[PDB]
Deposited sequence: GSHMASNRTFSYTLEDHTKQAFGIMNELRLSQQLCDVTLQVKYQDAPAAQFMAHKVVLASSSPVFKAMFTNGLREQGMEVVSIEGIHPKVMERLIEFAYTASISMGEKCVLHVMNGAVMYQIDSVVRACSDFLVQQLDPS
């Protein structure tokens, strides 16, 4: 006989700690330098493996590093990184399209679908 065990919300709890570590800027191996039209420059520290596990684009990119990012608004990038680390994303009704464009850019299909589904309803 063999004993087997599964903790249901382990992944959720471990992501909570992973998110904590990102805010404390601990164990981070990538710094995203985001520049975009008009908007001020911004830096976001993260863990390559966490981003990679949420975005095929990020996974391709990585398989301390400073990465220059263009063509995406810093606040959009912020919301997508937050999604990677928390499984949740929120945005103002009037910017749903902008977030979708970032999501499409980094192939985060669930966010893409969600924004699309919402925008279809808005007409």
* Structure fact -> No C-alpha positions exist for deposited residues 1 to 7, 71 to 77, 138 to 140
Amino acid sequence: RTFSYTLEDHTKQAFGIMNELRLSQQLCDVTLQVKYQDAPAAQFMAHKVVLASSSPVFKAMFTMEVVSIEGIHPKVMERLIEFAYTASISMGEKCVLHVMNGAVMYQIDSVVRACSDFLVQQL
From here on, numbers count along this sequence of modelled residues.
* May I ask you to compare 16 to 24 and 109 to 117 by their mean CA B factor in the entry and name the higher one? => 109 to 117
* Residue range whose averaged C-alpha B-factor is higher in the record, 82 to 90 or 35 to 43 -> 35 to 43
* Where does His98 sit by CA temperature factor within its chain: lowest, middle or highest third? -> highest
* Lowest, middle or highest third: where is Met64 by C-alpha B factor in its chain? -> highest
